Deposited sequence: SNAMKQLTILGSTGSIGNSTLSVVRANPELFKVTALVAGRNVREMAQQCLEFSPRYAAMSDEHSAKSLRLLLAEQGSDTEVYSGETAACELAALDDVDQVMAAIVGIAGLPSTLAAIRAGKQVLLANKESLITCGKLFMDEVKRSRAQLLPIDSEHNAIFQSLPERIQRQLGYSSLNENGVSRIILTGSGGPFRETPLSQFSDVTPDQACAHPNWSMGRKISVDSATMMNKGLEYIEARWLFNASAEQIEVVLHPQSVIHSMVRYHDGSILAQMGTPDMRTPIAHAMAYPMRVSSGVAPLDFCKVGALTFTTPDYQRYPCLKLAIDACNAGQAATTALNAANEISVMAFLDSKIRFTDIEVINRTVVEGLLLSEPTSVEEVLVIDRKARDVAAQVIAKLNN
């Protein structure tokens, strides 16, 4: 019987997590929920799952929630603010914390769950993109157990030995028999587009949410998954490669010393890796029909060409350059993408802008959230500057 705190409960990952709980009531108890300002949805979740605690992002939201709950005679205690969220992430009786507050704003609560020794289900990506060293050092310090919920990281996790799975990101891949992690992805809608057509890609062509569309066409999404993966799995540059797999049947793979490659497959569904993570080392049922091998297309593979995906190369370079570089790249990219979606720059200008920012860098390695914030803001400025000027 697991006690849960869910950080970022009203969003998509929040609801999927709650969905698993709803299907497995004897396995999972919700102790605490933390959300932003969506009072209507948070009330509905508190009324269904009876948490002991709830926290909103601000006092005004908390007060409206307190009213809604009190009308139903609920027992739930309501708080607000970042400190409250951190406290709920560290409660004694809690076994499992879903860290799904998005953006850099998600760092402090994530880090509080990690600092409390909890099983942490990692749904926040900036933690590792921007201050991986601080996060993974805190992991080793507290022995916290990380479990990735995004499909690729979750497939690498399942393709690894228990020994590494239970010592996530602070055990040696090599000593434990791992030769290299194989991070896979589809290559986006432009995997076969003639290179000459890239300069003409429009927002509507990349877009048929919107920013994630663009990140998956540039492979920035894969680049970010790459950097988080070097931190999550304690891998060097030589211990990871990226392979294209158009059909998205394999989710990712792991090569071992003797030649063996273990791979995880399954029909694409958000809930599956969440449910794997939450139930681990048990398994519980899915909604979706099991993958049928007579109905998958043939499975194919390639190597990503840097001419076609220069952002990928850029994210690797940024990775090897350090955390200030990846913080900056991440921030720069957000600006680039909106600028593209706002028809201000060409599709092909994204890498250029991003590279300019990354290579213009000369700041120290960040060692806290505060220093990450500084770099993030500087990088948005320079990126915006670099945009305006062409």
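By the record, the deposited chain contains unmodelled runs at 1-3, 212-217, 400-401, with no C-alpha atoms placed there.
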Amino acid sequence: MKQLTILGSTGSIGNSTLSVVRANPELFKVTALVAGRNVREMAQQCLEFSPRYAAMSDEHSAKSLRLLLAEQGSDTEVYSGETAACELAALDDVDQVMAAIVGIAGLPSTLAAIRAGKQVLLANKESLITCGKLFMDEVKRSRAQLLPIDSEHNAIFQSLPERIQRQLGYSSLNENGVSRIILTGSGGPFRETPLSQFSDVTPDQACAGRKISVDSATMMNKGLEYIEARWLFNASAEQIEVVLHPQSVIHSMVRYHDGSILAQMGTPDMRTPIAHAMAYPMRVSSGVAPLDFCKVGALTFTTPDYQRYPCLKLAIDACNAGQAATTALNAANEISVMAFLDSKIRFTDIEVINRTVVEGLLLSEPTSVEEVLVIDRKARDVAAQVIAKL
From here on, numbers count along this sequence of modelled residues.
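Stretch comparison (292-300 versus 246-254) by mean CA B-factor in the PDB entry places 292-300 on top. Looking at mean Cα B-factors across 265-273 and 182-190, the upper value is held by 265-273. As recorded in the entry, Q119 carries the highest CA temperature factor of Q119, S159, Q197, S260. Compared with the other modelled residues of the chain, the Cα B-factor recorded for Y226 ranks in the lowest third.
For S57, the recorded CA temperature factor ranks within the highest third of the chain's modelled residues. Among all modelled residues in this chain, the alpha-carbon of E87 has a temperature factor (C-alpha) in the highest third. Sorting the modelled residues of the chain by their CA temperature factor places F233 in the lowest third. In this PDB entry, the Cα temperature factor of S364 sits in the top third of its chain's modelled residues, the highest group.
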